[PDB]
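Student: Those sequence lines, one after another, are chains G, A, v, X and R.
Under the entry's author numbering, the first residue of the first sequence is numbered 181, with each subsequent residue one higher.
Under the entry's author numbering, the first residue of the second sequence is numbered 677, with each subsequent residue one higher.
Under the entry's author numbering, the first residue of the third sequence is numbered 137, with each subsequent residue one higher.
Under the entry's author numbering, the first residue of the fourth sequence is numbered 24, with each subsequent residue one higher.
Under the entry's author numbering, the first residue of the fifth sequence is numbered 218, with each subsequent residue one higher.
Beta carbons are placed, not taken as given, at the ideal position from N, Cα and C, and that holds for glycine.
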Amino acid sequence: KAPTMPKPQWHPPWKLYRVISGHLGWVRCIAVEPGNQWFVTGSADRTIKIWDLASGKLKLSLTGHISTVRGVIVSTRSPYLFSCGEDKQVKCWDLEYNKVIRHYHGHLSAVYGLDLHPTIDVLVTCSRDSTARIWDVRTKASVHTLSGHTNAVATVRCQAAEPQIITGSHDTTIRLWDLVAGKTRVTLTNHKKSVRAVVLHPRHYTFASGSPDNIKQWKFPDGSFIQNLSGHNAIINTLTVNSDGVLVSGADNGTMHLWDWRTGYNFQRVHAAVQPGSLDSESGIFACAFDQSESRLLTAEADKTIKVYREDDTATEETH
Amino acid sequence: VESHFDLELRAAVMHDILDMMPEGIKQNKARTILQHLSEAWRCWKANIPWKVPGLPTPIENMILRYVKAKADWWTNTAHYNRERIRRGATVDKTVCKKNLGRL
Amino acid sequence: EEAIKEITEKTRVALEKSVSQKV
Amino acid sequence: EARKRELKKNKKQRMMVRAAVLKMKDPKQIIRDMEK
Amino acid sequence: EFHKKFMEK
RNA sequence: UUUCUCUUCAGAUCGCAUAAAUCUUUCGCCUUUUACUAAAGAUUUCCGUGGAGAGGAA
RNA sequence: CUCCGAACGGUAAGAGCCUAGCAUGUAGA
Numbered sequence: 181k182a183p184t185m186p187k188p189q190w191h192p193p194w195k196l197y198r199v200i201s202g203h204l205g206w207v208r209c210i211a212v213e214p215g216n217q218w219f220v221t222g223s224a225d226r227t228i229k230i231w232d233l234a235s236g237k238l239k240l241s242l243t244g245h246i247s248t249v250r251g252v253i254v255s256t257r258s259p260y261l262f263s264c265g266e267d268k269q270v271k272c273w274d275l276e277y278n279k280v281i282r283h284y285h286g287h288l289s290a291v292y293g294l295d296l297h298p299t300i301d302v303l304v305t306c307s308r309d310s311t312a313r314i315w316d317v318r319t320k321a322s323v324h325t326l327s328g329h330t331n332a333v334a335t336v337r338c339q340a341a342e343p344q345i346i347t348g349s350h351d352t353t354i355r356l357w358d359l360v361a362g363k364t365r366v367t368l369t370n371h372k373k374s375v376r377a378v379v380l381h382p383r384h385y386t387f388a389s390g391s392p393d394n395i396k397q398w399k400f401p402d403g404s405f406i407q408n409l410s411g412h413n414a415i416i417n418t419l420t421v422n423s424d425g426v427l428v429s430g431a432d433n434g435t436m437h438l439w440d441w442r443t444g445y446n447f448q449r450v451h452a453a454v455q456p457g458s459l460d461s462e463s464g465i466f467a468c469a470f471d472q473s474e475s476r477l478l479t480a481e482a483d484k485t486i487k488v489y490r491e492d493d494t495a496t497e498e499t500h
Numbered sequence: 677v678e679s680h681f682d683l684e685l686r687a688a689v690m691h692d693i694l695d696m697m698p699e700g701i702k703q704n705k706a707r708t709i710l711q712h713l714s715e716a717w718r719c720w721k722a723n724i725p726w727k728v729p730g731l732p733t734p735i736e737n738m739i740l741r742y743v744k745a746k747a748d749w750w751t752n753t754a755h756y757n758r759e760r761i762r763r764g765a766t767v768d769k770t771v772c773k774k775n776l777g778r779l
Numbered sequence: 137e138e139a140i141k142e143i144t145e146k147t148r149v150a151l152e153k154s155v156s157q158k159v
Numbered sequence: 024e025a026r027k028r029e030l031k032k033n034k035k036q037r038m039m040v041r042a043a044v045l046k047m048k049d050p051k052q053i054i055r056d057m058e059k
Numbered sequence: 218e219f220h221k222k223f224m225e226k
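(1) Assign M224(R) to one of two classes, buried (16 or more other C-beta atoms within 10 Å of its C-beta) or exposed (fewer than that).
(2) Ends of the alpha helix (DSSP H) at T353(G)?
(3) Helix, strand or coil, according to DSSP, for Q157(v) in the structure here?
(4) Report the rounded CA-to-CA distance for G764(A) versus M47(X), giving the unit in angstroms.
(5) Which stretch, first to last residue, makes up the alpha helix (DSSP H) that contains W206(G)?
(6) Using a beta-carbon distance below 9 Å, is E462(G) in contact with chain A?
(7) For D432(G), which residues of its own chain have a beta-carbon under 6 Å away from its beta-carbon, when the five flanking residues on both sides are left out?
(8) Could you work out which residues of chain R lie near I761(A), taking near to mean beta carbons separated by less than 8 Å?
(9) Please report the residue range of the beta strand (DSSP E) in which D695(A) lies.
(10) At what residue ranges does the stretch 713-762 of chain A contain a whole run of the alpha helix (DSSP H), taking only runs of 4 or more?
(11) Please go through the same chain and pick out, in chain order, the residues whose beta-carbon is closer than 7 Å to the beta-carbon of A745(A), but skip the five residues on each side of it.
(12) Under 8 Å: do the stretch 492-499 of chain G and the stretch 184-197 of chain G share three or more Cβ pairs, one atom per stretch?
(13) Give the single residue among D424(G), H245(G), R376(G) whose Cα lies nearest to the Cα of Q269(G).
(14) Within 10 angstroms of the Cβ of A388(G), are there 16 or more other Cβ atoms? Answer buried if so, exposed if not.
(15) Please return the same chain residues whose Cβ sits closer than 7 Å to the Cβ of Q407(G), not counting the five positions on each side in sequence.
(16) Among the residues of its own chain, which have a CB less than 7 Å from the CB of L438(G), if the five just before and after it don't count?
(17) Enumerate in chain order the residues of its own chain whose CB-to-CB distance from residue 507(G) is below 8 Å, with the five nearest sequence positions on each side excluded.
(18) Tell whether a beta-carbon distance below 9 Å holds between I346(G) and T147(v).
(19) Could you work out which residues of chain A lie near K221(R), taking near to mean beta carbons separated by less than 9 Å?
(20) Measuring CA to CA, which of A754(A), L713(A), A688(A) is closest to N775(A)?
(21) Does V159(v) pass the burial test, meaning 16 or more other C-beta atoms within 10 Å, or should it be called exposed?
(22) Can at least three beta-carbon pairs, one atom from the stretch 471-490 of chain G and one from the stretch 194-204 of chain G, be found at a separation below 8 Å?
(23) So that I know if they touch, is there some Cβ in chain R lying closer than 9 Å to that of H755(A)?
(24) List, in order along the chain, the chain G residues whose C-beta lies closer than 9 Å to that of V155(v)?
(25) Given this structure, state the Cα-to-Cα distance separating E218(R) from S154(v), to the nearest angstrom.
(26) Note down, in chain order, every chain G residue with its Cβ under 7 Å from the Cβ of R707(A).
(27) Could you give the distance in angstroms between the alpha-carbon of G362(G) and the alpha-carbon of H324(G)?
(28) For the ligand FAD, is there any heavy atom lying closer than 8 Å to the beta carbon of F470(G)?
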């Protein structure tokens with residue numbers, strides 16, 4: 181009856197490997213370095229914890245943000261960190277420099293996240309009041325900022341591909357305009373909910389998407405709800421697809437509905453376990469990302485830790 | 677200062693009430709839940725087992741999370757004030773009483 | 137991804153023009 | 024140190040009050056109207 | 218946190 | 001053969017010496033600030049300089 | 001034993017009378 185019901189993708193099950201409990205507070209951003217040698221693990225204690233990617237050992241700390249930094253990324257062509265938050269301090273932490281020289285500027289209010297382009301010499305920062313600053317690399321200024329948000333921008337993204345926009349304000353108003361034009365050629369006045377899960381699915385185009393209620397698929401060209409997923413009522417706080425087309429969306433309420441690649445509905449329907457220090461109903465999946473080798477999933481819950489959900493050997497996963 | 681942190685916490689509480697299980701748009705509640713959360717935080721400041729009853733599960737969870745965030749910010753401000761306590765660095769007159777009360 | 141390169145070149149030219157105008 | 028600023032504010036308020044008192048019943052306001 | 222703080226203050 | 005135009009690449013003590021500013025740390029001060037003192041790191045600005053098209057006088 | 005510093009934190013506020021170095025270059029009928 182349901183889509184992909186008589187075609188169960190015989191993928192392996194997840195398996196927790198270890199939890200690196202070294203942060204002090206709810207983890208804000210978690211990302212693995214491109215070289216498979218660093219693991220940028222942010223925390224609300226005003227200290228970016230850049231640990232090891234696969235080992236998870238304490239590599240080094242990095243302060244500079246006065247408050248919780250809800251934005252952290254690492255560039256490819258620009259070997260330097262990229263932080264962003266309410267502190268308005270971008271930690272340009274190079275692997276050899278180990279300092280803060282970015283000096284993110286342009287947002288006249290708080291910041292909830294940012295994203296640097298992989299190829300184009302541009303970026304994006306989710307300002308608080310109404311701004312969407314396209315922080316140009318080696319410019320520290322939003323010369324061409326696609327400002328189409330009336331509240332705190334949920335997320336931001338831009339690259340050499342041609343969806344041309346990824347963003348959305350907190351006042352139920354998004355700007356799916358052309359990044360080259362700058363003007364609001366296409367106002368994405370939809371998704372009034374807290375849309376904070378837009379992970380790349382299979383192909384660059386006609387991929388999957390998410391939402392905090394009834395998550396479904398999307399499309400890079402013009403958008404389309406093709407892969408009709410199940411009723412993902414869980415508030416998907418983020419999503420980082422696997423290396424082999426699979427998709428996983430971390431939930432803000434702890435119930436991370438794990439959907440298959442093309443199935444859409446929750447295949448595992450996993451949840452966030454109650455940590456020993458955490459309360460009964462207080463936790464929530466803040467980040468979830470597969471490693472560079474896609475061997476262990478780095479899932480950072482609200483217990484100030486990062487779990488390594490490795491894969492197990494089993495084909496007994498056939499369900500109608 | 678800490679006023680900006682308190683304002684950010686209040687805005688986060690409003691955003692959670694709007695998005696974190698708002699019970700659908702059916703003429704929802706108002707800042708009275710914020711008053712309940714503030715009263716619950718004041719009660720916890722007494723180190724008592726009191727809480728914020730009279731609300732659903734995720735509302736209480738978000739209230740506890742925001743209270744923990746505000747308490748962490750307060751403890752951090754207190755640690756920063758105690759750091760500039762031995763030397764002091766010519767502390768003002770009003771900050772001394774606040775740091776003393778926090779400690 | 138030739139169109140990607142074209143879009144990137146257009147973005148670079150626009151950024152350079154904006155820098156020359158402001159700076 | 025702030026007592027100097029407080030005294031300056033008090034003196035400015037008193038000067039404004041005195042100016043208003045001298046101008047309201049001024050020769051151009053009161054005595055000028057006394058002839059009308 | 219609280220232990221070292223109350224010990225050195 | 002000699003010069004002036006200019007988009008362009010510099011890790012050569014780019015300049016057999018030597019200016020400032022901004023930011024982040026550490027001292028001396030400190031009545032508030034701007035002017036400050038003497039050490040480290042980084043980013044820029046100015047006097048400039050090197051090597052390669054095209055276009056203009058003897 | 002020759003190394004030498006400057007500004008702000010500064011001059012109460014007031015009603016009657018009086019004097020002046022400066023500035024446009026045009027549209028149009």
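Tutor: Let's see:
(1) Within the fifth sequence, residue 224(R) is the residue found at index 7, counting from 1. Exposed.
(2) In the first sequence, counting from the first residue as 1, residue 353(G) sits at position 173. Looking at the DSSP string, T353(G) is not in any alpha helix (DSSP H), and its letter there is neither H nor E.
(3) Numbered from its first residue, the third sequence carries residue 157(v) at position 21. Looking at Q157(v) - three-state DSSP - the assignment turns out to be helix.
(4) The residue you call residue 764(A) lines up with position 88 of the second sequence. The residue you call residue 47(X) lines up with position 24 of the fourth sequence. Answer to the nearest angstrom: the Cα atoms are 53 Å apart.
(5) Along the first sequence, read from residue 1 onward, the residue named residue 206(G) stands at position 26. Neither: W206(G) is in no alpha helix (DSSP H) and is coded neither H nor E.
(6) Position 282 of the first sequence, counted from the first residue, corresponds to residue 462(G). Yes, because at least one Cβ of chain A sits closer than 9 Å to the Cβ of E462(G).
(7) Taking the first sequence and counting its residues from 1, one reaches residue 432(G) at position 252. Counting only Cβ-Cβ distances below 6 Å, and skipping sequence neighbours, we find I415, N417, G464.
(8) Along the second sequence, read from residue 1 onward, the residue named residue 761(A) stands at position 85. In chain order: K226.
(9) One-based indexing of the second sequence puts residue 695(A) at position 19. Looking at the DSSP string, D695(A) is not in any beta strand (DSSP E); the run it does join, the alpha helix (DSSP H), is 678-695.
(10) 733-759
(11) Here residue 745(A) refers to the residue found at position 69 of the second sequence. Closer than 7 Å at Cβ, skipping near neighbours: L685.
(12) yes
(13) On the first sequence, residue 269(G) is found 89 positions in, with the first residue counted as 1. Of the listed residues, the one whose Cα sits closest to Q269(G) is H245(G).
(14) One-based indexing of the first sequence puts residue 388(G) at position 208. Under this definition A388(G) is a buried residue.
(15) Numbered from its first residue, the first sequence carries residue 407(G) at position 227. Contacts found: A388, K396, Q397, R442, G444.
(16) Counted from its first residue, the first sequence places residue 438(G) at position 258. Only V428, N446, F447, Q448, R449, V450 meet the Cβ criterion.
(17) Residue 507(G) is absent from the model: chain G starts at 181 and stops at 500.
(18) Stepping through the first sequence from its first residue, residue 346(G) is reached at position 166. Stepping through the third sequence from its first residue, residue 147(v) is reached at position 11. It is not a contact, given that the beta carbons lie outside the stated cut-off.
(19) Within the fifth sequence, the letter at position 4 stands for residue 221(R). The contacting residues do not exist; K221(R) stays about 10 Å from chain A at best.
(20) Here residue 775(A) refers to the residue found at position 99 when the second sequence is read from its first residue. Taking only the C-alpha atoms, the option nearest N775(A) is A754(A).
(21) Counted from its first residue, the third sequence places residue 159(v) at position 23. The residue is exposed, with fewer than 16 neighbouring Cβ atoms inside 10 Å.
(22) yes
(23) In the second sequence, counting from the first residue as 1, residue 755(A) sits at position 79. Yes, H755(A) counts as interfacial toward chain R.
(24) Reading the third sequence from its first residue, position 19 is the one you call residue 155(v). Correct list: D316, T319, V323.
(25) Indexing the fifth sequence from 1 puts residue 218(R) at position 1. Indexing the third sequence from 1 puts residue 154(v) at position 18. One C-alpha to the other measures close to 50 Å.
(26) In the second sequence, counting from the first residue as 1, residue 707(A) sits at position 31. Under the 7 Å cutoff, chain G gives no residues; its nearest Cβ is about 18 Å from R707(A).
(27) For the purposes of this step, residue 362(G) is taken as the residue at position 182 of the first sequence. For the purposes of this step, residue 324(G) is taken as the residue at position 144 of the first sequence. Going by the C-alpha atoms only, they are around 7 Å apart.
(28) As for the ligand FAD, it is missing from this structure, which has no ligand bound.
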